[PDB]
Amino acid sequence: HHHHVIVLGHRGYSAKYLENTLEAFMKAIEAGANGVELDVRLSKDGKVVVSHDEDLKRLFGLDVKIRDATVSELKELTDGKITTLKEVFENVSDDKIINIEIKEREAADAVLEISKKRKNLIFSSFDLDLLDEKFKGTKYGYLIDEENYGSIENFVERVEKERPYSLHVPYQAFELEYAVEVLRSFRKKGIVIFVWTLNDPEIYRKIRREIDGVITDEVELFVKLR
């Protein structure tokens, strides 16, 4: 028996449905997720589109950049599968969490404007300065990679100074005892710890006492591990 962990579907229920589509997001919620994580970028016409990659090559085989096409053009090319942040909000209840990963600084102002009306959002990015500069007064979470945090000491200083709502850490961070200690110190201050992108239930069991949330492709699995 364990304490409760927020389960977010990584690009929706992406193990079973096409990542970052309305279907994937709706299916994550149907499967009992507390919410979803998704990725945002700008189209040519300056609209907020949901796409992890900057182009359509990996998922559609099309050498077309998101920023080079209008929303209408993108929908035509993907036969309607690509969606906008606006459309996600229309299809996911505001009792559910949406973790919006900002992939492009230039999308930030448009994302903030559309988000004004909507609660239960967490903005995240590997661009920590962007969050600190433009996302004050919202819930934001630092995404941590091998380089961006600088030194552990500098990262601790930053988190103390800026008070992010959450820290979104790779699950591999829990392999080092000092990292575990640092994260415990953050949590004791009320910072919410999410791990990503975790699909392995054994690793989850080992670390779940240390975390507040999990970002996973395997939504039903992790919901049933509650």
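We number the residues from 1 along the sequence you see.
Student: Decide which of the stretches 141-149 and 105-113 has the higher mean C-alpha B-factor, going by the entry.
Tutor: Between 141-149 and 105-113, it is 141-149 that shows the higher mean C-alpha B-factor.
Student: Mean Cα B factor from the PDB record: higher for 183-191, or higher for 162-170?
Tutor: Between 162-170 and 183-191, it is 183-191 that shows the higher mean C-alpha B-factor.
Student: Have a look at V88, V71, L121, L130 and flag the one whose Cα has the highest B-factor in the entry.
Tutor: Answer, based on the entry's C-alpha B-factors: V71.
Student: Please pick out which of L38, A28, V48, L59 has the largest Cα B-factor as recorded in the entry.
Tutor: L59 has the highest C-alpha B-factor of those listed.
Student: Ranked by Cα temperature factor within the chain, is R205 in the lowest third, the middle third or the highest third?
Tutor: It belongs to the middle third of the chain when residues are ordered by C-alpha B-factor.
Student: Classify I98 as lowest, middle or highest third according to the C-alpha B-factor given in the PDB entry, relative to its own chain.
Tutor: Lowest third.
Student: Mind checking which third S125 falls in for C-alpha B-factor across the chain?
Tutor: For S125, the deposited C-alpha B-factor lands in the lowest third.
Student: Within this chain, which third does the Cα B-factor at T78 fall in: lowest, middle or highest?
Tutor: Middle third.
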